[PDB]
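Okay, here's the structure, questions in a sec.
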Amino acid sequence: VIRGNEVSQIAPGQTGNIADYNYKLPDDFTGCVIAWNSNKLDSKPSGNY
Amino acid sequence: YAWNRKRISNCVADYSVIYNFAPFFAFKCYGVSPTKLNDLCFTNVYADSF
């Protein structure tokens with residue numbers, strides 16, 4: 001689970017924070033990235049930390 | 001129509017803080033890599049806000 005604007009960074013060759021220190025993809029990666037909103041399940045009103 | 005242009009010069013720019021806190025939904029670069037911005041030196045820097 002990541003932020004809404006970090007979905008561009010889960011790709012080969014991408015620049016980011018989670019790309020460098022959390023999840024790195026190889027340059028020759030093949031496959032599909034799926035991203036969907038999870039406000040209904042992965043959020044809470046006081047702050048889901 | 002009257003977009004604001006600000007010149008940026010004579011500073012050392014840390015683009016990593018732009019990444020650290022960012023409401024910027026769209027972050028699209030054309031001629032340069034976003035992570036190499038910290039490794040390059042520039043002039044002619046302009047911010048156009050509208």
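We did not get these values from a lab; they are worked out from the coordinates using the rules stated. All Cβ positions, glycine included, derive from the backbone under ideal geometry; neighbour counts span all protein chains shown.
Examine the stretch B:29-38 for a residue that is assigned to a helix (DSSP H, G or I) and without any contact (Cβ under 8 Å) to a residue 40 or more places away in the chain, and state whether such a residue exists.
Filtering the stretch B:29-38 down to residues assigned to a helix (DSSP H, G or I) leaves B:37-38.
Right, trim to without any contact (Cβ under 8 Å) to a residue 40 or more places away in the chain and you get B:37-38.
Within the stretch B:29-38 (the criterion being assigned to a helix (DSSP H, G or I) and without any contact (Cβ under 8 Å) to a residue 40 or more places away in the chain), the answer is yes, since at least one residue qualifies.
Of the residues A:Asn22, A:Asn37, only one is within 14 Å of another protein chain (Cβ to nearest Cβ), loosely packed, with under 13 Cβ neighbours inside 10 Å and more than 23 Å from B:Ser33 (Cα to Cα); which?
Unique residue meeting the criteria: A:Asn37.
Okay, next question. Can you find, within the stretch B:14-50, the residue that is farthest from the other protein chains (Cβ to nearest Cβ) among those that are closer than 21 Å to A:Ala19 by Cα and hydroxyl-bearing (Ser, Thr, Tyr)?
Going through the stretch B:14-50, the residues closer than 21 Å to A:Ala19 by Cα turn out to be B:14-40.
Remaining after also requiring hydroxyl-bearing (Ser, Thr, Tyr): B:15-16, B:19, B:30, B:33, B:35.
Details: B:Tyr15: 10, B:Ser16: 8, B:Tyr19: 6, B:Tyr30: 14, B:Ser33: 6, B:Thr35: 4 Å.
In this case the residue turns out to be B:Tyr30.
In chain B, how many residues are over 17 Å from A:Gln14 (Cα atoms), out of contact with any strand residue (DSSP E or B) (no Cβ under 6 Å at 6 or more places or on another chain) and among the polar types (S, T, N, Q)?
Within chain B, residues that are over 17 Å from A:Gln14 (Cα atoms), out of contact with any strand residue (DSSP E or B) (no Cβ under 6 Å at 6 or more places or on another chain) and among the polar types (S, T, N, Q) number 4.
Given the criteria polar (S, T, N, Q) and in contact with a helix residue (DSSP H, G or I) (Cβ under 8 Å, 6 or more places away or on another chain), does A:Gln14 qualify?
On the way: polar (S, T, N, Q): yes; in contact with a helix residue (DSSP H, G or I) (Cβ under 8 Å, 6 or more places away or on another chain): no.
In short, no.
Do you know which residues across the stretch A:1-33 are aromatic (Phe, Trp, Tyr) and part of a helix (DSSP H, G or I)?
From the stretch A:1-33, those aromatic (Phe, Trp, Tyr) are A:21, A:23, A:29; that's our starting set.
Answer for the stretch A:1-33, where residues must be aromatic (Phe, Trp, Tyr) and part of a helix (DSSP H, G or I): just A:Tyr21.
Oh, and also: Please determine, by comparing only the residues of the stretch B:4-34 that are touching a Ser or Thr at 6+ places or on another chain (Cβ under 9 Å) and among the aromatic types (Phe, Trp, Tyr), which one is surrounded by the most Cβ atoms within 10 Å (Cβ to Cβ).
Filtering the stretch B:4-34 for residues that are touching a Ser or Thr at 6+ places or on another chain (Cβ under 9 Å) and among the aromatic types (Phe, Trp, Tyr), the one surrounded by the most Cβ atoms within 10 Å (Cβ to Cβ) comes out as B:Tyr19.
If B:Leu37 meets every condition in (1) touching a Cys at 6+ places or on another chain (Cβ under 9 Å); (2) loosely packed, with under 11 Cβ neighbours inside 10 Å apart from one, which number is that one?
In the conditions (1) touching a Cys at 6+ places or on another chain (Cβ under 9 Å); (2) loosely packed, with under 11 Cβ neighbours inside 10 Å, B:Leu37 misses (2) alone.
Now for a different question. Would you check if B:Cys11 is more than 11 Å from chain A (Cβ to nearest Cβ) and part of a loop (DSSP other than H, G, I, E, B)? Write out each step before concluding.
On the way: more than 11 Å from chain A (Cβ to nearest Cβ): yes; part of a loop (DSSP other than H, G, I, E, B): yes.
Yes, satisfied.
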